[PDB]
Every structure is written in C-alpha cells, then in structure tokens.
Amino acid sequence: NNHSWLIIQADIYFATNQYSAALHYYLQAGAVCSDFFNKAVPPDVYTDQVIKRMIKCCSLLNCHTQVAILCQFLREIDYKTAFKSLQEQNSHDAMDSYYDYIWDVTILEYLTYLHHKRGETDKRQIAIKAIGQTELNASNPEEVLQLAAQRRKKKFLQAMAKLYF
Amino acid sequence: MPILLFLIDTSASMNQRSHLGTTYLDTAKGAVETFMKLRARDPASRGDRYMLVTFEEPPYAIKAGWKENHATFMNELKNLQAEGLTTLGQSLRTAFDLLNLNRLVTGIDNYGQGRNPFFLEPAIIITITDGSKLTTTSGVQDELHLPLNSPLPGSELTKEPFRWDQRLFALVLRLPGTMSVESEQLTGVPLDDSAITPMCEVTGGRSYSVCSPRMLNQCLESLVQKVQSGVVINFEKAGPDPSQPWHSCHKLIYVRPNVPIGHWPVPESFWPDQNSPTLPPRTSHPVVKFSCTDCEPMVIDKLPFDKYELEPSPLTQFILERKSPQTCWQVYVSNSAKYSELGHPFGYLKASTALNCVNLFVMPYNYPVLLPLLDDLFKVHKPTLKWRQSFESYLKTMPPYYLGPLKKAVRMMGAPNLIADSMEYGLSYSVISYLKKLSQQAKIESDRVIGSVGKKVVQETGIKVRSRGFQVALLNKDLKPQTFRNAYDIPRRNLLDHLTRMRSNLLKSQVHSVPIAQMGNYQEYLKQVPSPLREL
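Here the protein sequences line up with chains h and f, keeping their order.
Numbered per PDB author numbering, the first sequence spans residues 831 to 995.
Numbered per PDB author numbering, the second sequence spans residues 1 to 242, 258 to 273, 278 to 400, 403 to 489, 526 to 566, 578 to 604.
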C-alpha cells in the first residue's frame, strides 16, 4: 500500500508496453491515496503525467470512451486526444454505458455530433439525454458542477477498479 | 425594409435543460417567436424580412433566406434540431455571405464612388447561443476566427465580412439548471464574456448574457428597440481634448426615409487615381475623425445637405454635456485628400437646438472653402473669372466622386450649366470592368445560393459496415410505407388484418395523419365544401 512504489511499478510496466498492468497499478496507487476513490485523489499522485499515461494505456487497449473520460481528469481538459479517441470505431469498453461518467458538455456535444454523423440514433439520444441534465448545465453555480464532476470521478474510478482488479 | 437574420445555435450543447425544464434550443425558438410578437407590436414592421441560419453544413446552414415566406420560416424554425458542433465562425461567415451576396449585383456598396449612407439595406443578425466552447471536429478553439477560404467574388474590397449597415447581436443563454434567487436582476443586462462579444462589438452591436426568463424578456425588448435603419460609423478623436470612452465609438447614425434621400457621400479613405488597377480595400465602418476644436455651422439657402441623427452613445452624451448648440465639431476621414493625410472636413457634428440629439451634417468635401465661395457667387452674381480660378482651385482638391453629386446639387440649386456640369472622368477603366464582372459573378452566386436554400439538400445516412462498401439501412423519417402497393412493407404482426383490409380495398366491398397545422383548417375545409343557402 505504498503509493509511490505502486506508481514506480506502474511506470515500469508502462515502459515495457504492459498497459493493462500499468493501469492496474496506477489505479492501485489511486485507491491507496484515497479510500478506494471515496476521496479525491491528491494531485501530487495523479499528476498530469500519471493521468496522461493512464490515457495512453487506455488508448492502446482500445478503450476509447475511457480515454475520453480520463482526458477530463487533467487540469485542462485535453479535447484533442478525447476527440481523436472518440472517433475510433474499434472500442472494447461498453461505449454508451460510460456516458454517465462524462460531466463536460463539450465532450458530450462532440459525442452527439459524432453519433448523428454516423447515424447512431440510439447513442445520439443517449448523449442528448446526458446533455439534458440540470446538474450538467454549464451555467450551474460552480459548486454543483464541481460536485457532479467529483461524483462522476468517484463512480468512474471505482468502475475502473472493478474492471482492472 | 429591415432584414432580421437569426443565427440560431444548433450545436448539441444547446440541448441543456434549464430550470424551466426545456432545452436551450426551445428557449431559442421561443425567444424568436416572442421577438417577432414584440416586433409586430410596432406597426412599422408591415414589411420585414426574416432569415434563418443554423450551425449546420453550408448546404444545410441557410434555412430561410431571400424569397422565403413567413410560413416556411416558421415551419423551419420549429423543426430545428441541436445535433451539430459549435462552428460559430463558419456560421457567421455564411450569415454575412447571405446578407452580402446581392450587394455587388445591385450596387448598394457604391465602390470607389463615395460611401452613401442612404445606400443601405439595414440588417441585423441576432445570434442566439450559449457560452459553450467553439468546436471544429478537431478540438476547442477558445477564440472566434471567421474563416476566409472560399471568398465570394468582390469580398476583398471591404476586408471585413460584415458591412456598413449590419450589426451582430448575441443573445447568450446562460440559464442555470437550478433557479437562482436574485433581486438585482432588474438592473441592466451585463455584456457577455464569450468569443462572440468582441465580434458583436466590432460591428456596432453588443452581446446579451441572460440568466432568467425575465432577463430574456428584457433583452428581447432591448433588441426590438435596436431594429433601426442606419449605418455604423467609427468616430475617432483627432486632436486633443476640448483615454476617456468617448474617444472611440462604433456608433450608429440614423437614415430616415421619406426610400431614403441624400446627396453627399462619406468620402473614401483614399484618393482615387486612374493609374491604380485595383480599388483599395476600405474598412466596413468608415473611420471618421472629429475635430474637438469648436467651429461654426455653415449653411446657405436652398442647399442640398443631409442631416443624420446619431444614436445615443458616450460621444453624444459628451457633446450634449458641453451644452453649446451654436457651435459644431468638424469631422473628416483620414487620407482622403490628394496630398494631406489628415484630410479636409466633409462635415460637422452639431447638437440640436433643443439639446436633444446630436446630428451629423454631411457636406461637400471641403465646405469651409466652397460654401463661402458658392454663397459669394449666388449672393453677388454670371460667374467671374476671378471666382472661377478660385473655383478651379477648389475642384483641384475635390475628390472625383464628388463631381456627380456637386453637379446635381448645383443643377437643382439654380446654376445648371456650371463648370461642374462639364465632363466626369471618375475611376479607372480596369476598375469599372472589374466591377461589372463582379456584378455578373454576383448574379451567378445570387441565383446559385437562392436556388439551393430549399428542396436542394436531402440527407441520407448509412451504417457503413467495416471490413474488420456494404452498409446497413436506417429507419428513414420519410419512409412512406406503401403497404397497399408493396407487400414487403407489411409487418408480420398485423399481416392478416392488413391482408383482409387489402382484400376489402381491392374488391367492391395513412389517412387521418394530417400534420397538425392543417388538421384544423377552418377556412380551407369550408372553401372546398359547398356553400349552403342563406337565411330568410
């Protein structure tokens, strides 16, 4: 349960292109620092480097919706990598089931446009319903939005913990 | 008659619920109908053109343009779907192109022949949007950049997509998910902070940031108050004070018709010469510079002059604060004279005698040397050659495009066969030929775009099954199941009932799906029905 050593092991697995093992140990470090993602992970443990490497690991496992969700964990949301990964059509990560974990209106707007362009009307309706939530309104008074982001972070990271260990 | 072009945001971020329970697109549509109701309260809007542009692809972006009636505009405003990206720059470019494609074929712009404020087609663009980031299917933009990739022919003559008589107003929807208690919402509406705000301010408009339905109604009332007929003039401070906010303003002057009448143009920013092949690009708002030093308004009898009332602004507040209607502030555009870069005063800013409004009086190009001279001849004189050598000295400094208006003015004044009636050289033959070719191409895309707004864009989609050219069909909206003519359209669940219905139809032994607006046709159904007899 030493989070720094878990980060070191995850980095070693990431260096040898063992992306599933790297995600396993990155999520283990995040579960150490919080209480299984009940608290927010401290930013000196999930730094931008660690979240970016988790993004790369999820990209190379073709879990592209997980890439889109992990892109908004950063200090500034990486819309380029999220939009690039969401365009992929070989996904292994239950694409529309993960739309609850997306709190950013821009990513959901891109998802709705992408599903309308490809004729995926059902996923387009799911994305429109996800945008049409009062808690996800971008004009919410900056504390409703923060709590929505935090609860989606907790739920998503617990889902990844269940998936990878 | 004014043009009301609505640039509705149809990006998918417009599917955001408010505390009202409706999406931002529903609020946008309702804002448009309430705006049209408040506009129809004004009885001067009997002739008024409504246009609709969305954020979709340029085949589908213009939903109602020229030669589209009220019914098509309403039927397409109701049927908007927010399923796109926030392509604000491309949509703004298409909206300005839809406003400006007729300008070169009908010659409102009057290129190279002076800027005529009475040559206007007054339009405003009301864009209704949210504060979401702009997206162009590669990332966010965080700054508004109108693309210049497929220019309309003649777009380089103005160097800015918007024109003299066009103002962009943003109605930025920021209705929160939960209702916010506020008693200060009855105050003035704040300017929005999105990327649309500087583009609204550079065209002489402003952005409205709503946060409640009552703030929305207040903004709609303010927007109804801003539907005017005029042109936007950039005023600048030339000399020192007689930086404070009255130094620069993209204010609006008013052009009241009686069709508008006028005689003198606002002078160009260059000196016309026949050596130059290409006409210089002029700013869409003519940068005029007022002289803060006090002068005297100079008006003689029977004089064709045009008076334009400025809209209320910090400049007019500054002028009316220094209460002195007997004086005036001379105004001129820079680089208009042949030699001097400062230019000669083409007019003055004089406050009204009632201290109510500030009027821009446009005059001939150098009125302090022509009005005493022309007034001297029409007071004393049969011109004398001592006067005519002075008149030639004035005509040596006058720009060539003023020669026509000066000729007409002295013709209606009482001196028809004056020197101003002798010849008119004007521009360079390359420039006239270029303008005529630009008019022809402007007609070409004028009849191209107008033919393509409706019944020329049909979208069909496919699944496009990947290999690891086949596609899977979708449930089309215009499926039109010809079940009585095609047996494949009959579902198995009602095959027997439909079978016996077809058997009853063919032998001697859908309907009532009228689209709602026509199912209660009071006048139409009785018109086809025969008339009864009349009463005793």
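In this text, a Cβ means the ideal position worked out from N, Cα and C, and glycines have one as well.
Residue 469 (chain f) sits exposed, since fewer than 16 C-beta atoms from the chains shown fall within 10 Å of its C-beta. Against residue 965 (chain h), the close residues of chain f are 177 and 178, in the order they occur along the chain (beta-carbon pairs closer than 9 Å). Per DSSP, residue 526 (chain f) is not a residue of any alpha helix (DSSP H), being assigned neither H nor E. Closest in alpha carbon position to residue 265 (chain f), among f:53, f:97, f:168 and f:355, is f:168.
At the C-beta level, residue 227 (chain f) and residue 124 (chain f) come within 9 Å of one another. Excluding its 5 nearest sequence neighbours in each direction, residue 837 (chain h) has C-beta neighbours in its own chain below 6 Å: 859, listed in chain order. Counted as a single uninterrupted DSSP element, the stretch harbouring residue 537 (chain f) is not any beta strand (DSSP E), since DSSP gives it neither H nor E. At least one CB of chain h lies nearer than 9 Å to the CB of residue 23 (chain f). With its beta carbon at least 9 Å from every one in chain h, residue 69 (chain f) lies outside the interface. Taking the Cα positions, residue 293 (chain f) is about 22 Å away from residue 305 (chain f). Between the beta-carbon of residue 207 (chain f) and that of residue 197 (chain f) there is about 4 Å, and that keeps the pair under the 8 Å contact cut.
Looking from the CA of residue 901 (chain h), the closest CA among h:971, h:932 and h:839 belongs to h:932. Residue 313 (chain f) has f:348 as its beta-bridge partners, per DSSP. The way I'd put it, the region 144–160 of chain f doesn't touch the region 385–400 of chain f; fewer than three beta-carbon pairs between them come closer than 8 Å. Residue 555 (chain f) has a beta carbon lying at 9 Å or more from every beta carbon in chain h. In the three-state DSSP reduction, residue 889 (chain h) falls in the helix class (H, G or I).
Taking the Cα positions, residue 267 (chain f) is about 17 Å away from residue 348 (chain f). Within the model, the alpha-carbon separation for residue 60 (chain f) versus residue 86 (chain f) is close to 15 Å. Residue 126 (chain f) places its beta carbon 9 Å or farther from that of residue 80 (chain f). The region 127–135 of chain f and the region 965–973 of chain h touch, with no fewer than 3 CB-CB distances between them shorter than 8 Å. Using a Cβ-Cβ cut-off of 8 Å, residue 961 (chain h) is close to 12, 13, 15 and 16 of chain f, given in chain order. Ranking f:13, f:62 and f:17 by CA distance to the CA of residue 477 (chain f) puts f:62 first. With respect to residue 139 (chain f), residue 910 (chain h) sits close: the two C-beta atoms are nearer than 9 Å. Neighbours of residue 919 (chain h) across chain f, judged by C-beta separation under 9 Å: 487. Scanning chain h for C-beta atoms nearer than 8 Å to the C-beta of residue 140 (chain f) yields 909 and 936, reported in chain order. Taken atom to atom, the span from the alpha-carbon of residue 861 (chain h) to that of residue 199 (chain f) is near 48 Å. What residue 78 (chain f) touches in chain h, judged by beta-carbon distance under 9 Å, is nothing: the nearest beta carbon there is about 18 Å away. Separation of the CB atoms of residue 173 (chain f) and residue 24 (chain f) is rounded to 5 Å, and the pair is thereby assigned contact status at 8 Å. At a cut-off of 9 Å between beta-carbon atoms, residue 969 (chain h) makes contact with chain f. Residue 369 (chain f) is classed as buried because its beta carbon has at least 16 other beta carbons within 10 Å across all chains shown.
Listed along chain f is no residue with a C-beta nearer than 7 Å to that of residue 973 (chain h); the closest approach is about 11 Å. Membership of residue 51 (chain f) in the beta strand (DSSP E) is indicated by the continuous run 49–53. For the region 529–542 of chain f, the residues whose beta carbon sits under 7 Å from a beta carbon of chain h are, in order, 531.
Rounded to whole angstroms, the gap between the alpha carbons of residue 974 (chain h) and residue 482 (chain f) is 38 Å. Closest in C-alpha terms to residue 913 (chain h), from the list h:938, h:868 and h:856, comes h:938. Comparing C-alpha distances from residue 987 (chain h) to each of h:857, h:905, h:959 and h:863 shows the shortest one belongs to h:857.
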